[PDB]
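Asks: Pasting an experimental structure, sequence included:
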Amino acid sequence: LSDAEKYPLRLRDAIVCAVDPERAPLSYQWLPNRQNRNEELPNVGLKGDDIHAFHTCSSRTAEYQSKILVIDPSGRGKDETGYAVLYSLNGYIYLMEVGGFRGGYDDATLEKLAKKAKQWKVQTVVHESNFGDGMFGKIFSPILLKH
Amino acid sequence: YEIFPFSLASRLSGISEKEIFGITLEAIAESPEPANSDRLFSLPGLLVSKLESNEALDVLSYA
């Protein structure tokens, strides 16, 4: 059995919590245990990957340091455009939305992305660039600004 | 993506597309700047309106 190196990434090694949009605790401590385990969330992971909350954490809370939206635009043919929403504080990175929209550079997709940039009150938009394409930023920016 | 809608401009102006490509090529021939790679790999798509099919097959076999 190759089970210890076949898959590097396990769901056991991350903290799951119902975080607050304005303040968050400043540190956490990790121990997977039957007290901390979730049992109701759907779980696609391989056998033994159990979703766990934190064990103990600080009582001191503050607002986050930085807030980013990330986009992977669709290429040739039909595929979903990917996106993600992340904040940071000290050594911790917080993940709050991931998903995708299907289409091209049509107004519906760009409208939805601009509304999503509005909804979480993000601070910077980041995207990948290749081949000297040069289109997507110039296309997207005049649509974003009204939101 | 269509930065410039050739069909709409063609219909409104009364100029065929085959002449718009000529207007572009004459301006390319007179310009003093050197061309870059993205300009060079998109010239056959404009020159292809001039060629007979028996010539375009030779261009394809060369490419």
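Replies: All right, it came through fine. Residues are numbered from 1 along each chain as shown, chains lettered A, B, ... in the order given.

Asks: for chain B, what are the nearby residues on chain A?
Replies: A:104, A:105, A:132, A:135, A:139 (C-beta under 8 Å from any C-beta of the partner chain). Bear in mind the C-beta positions are built from the backbone N, C-alpha and C, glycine included.

Asks: Farthest-apart pair in the residues you listed, please.
Replies: A:104 and A:132 (19.6 Å; C-beta to C-beta).

Asks: Find the residue closest to residue A:29 in space, skipping its chain neighbours.
Replies: Nearest residue to residue A:29 in three dimensions, chain neighbours excluded: residue A:56, at 4.8 Å (C-beta to C-beta, 6 or more residues apart in numbering or on different chains).

Asks: my bad, should have said residue A:59
Replies: residue A:25 (7.3 Å).

Asks: what's near enough to touch the one you found?
Replies: Counting by C-beta atoms under 8 Å, 6 or more residues apart in numbering or on different chains, residue A:25 touches A:57, A:58, A:59, A:60, A:61.

Asks: Residue A:46 reaches residue A:7, doesn't it?
Replies: Yes - Residue A:46 lies in contact with residue A:7 (C-beta atoms under 8 Å); the separation is 6.9 Å.

Asks: can you pull out the helices in chain A?
Replies: A:107-119, A:136-144 (DSSP state H).

Asks: can you count the residues close to residue A:113?
Replies: 21 (other C-beta atoms under 10 Å in any protein chain shown).

Asks: Let me see the contact set for it.
Replies: A:71, A:81, A:83, A:101, A:140, A:144 are the contacts of residue A:113 under C-beta under 8 Å, 6+ apart.
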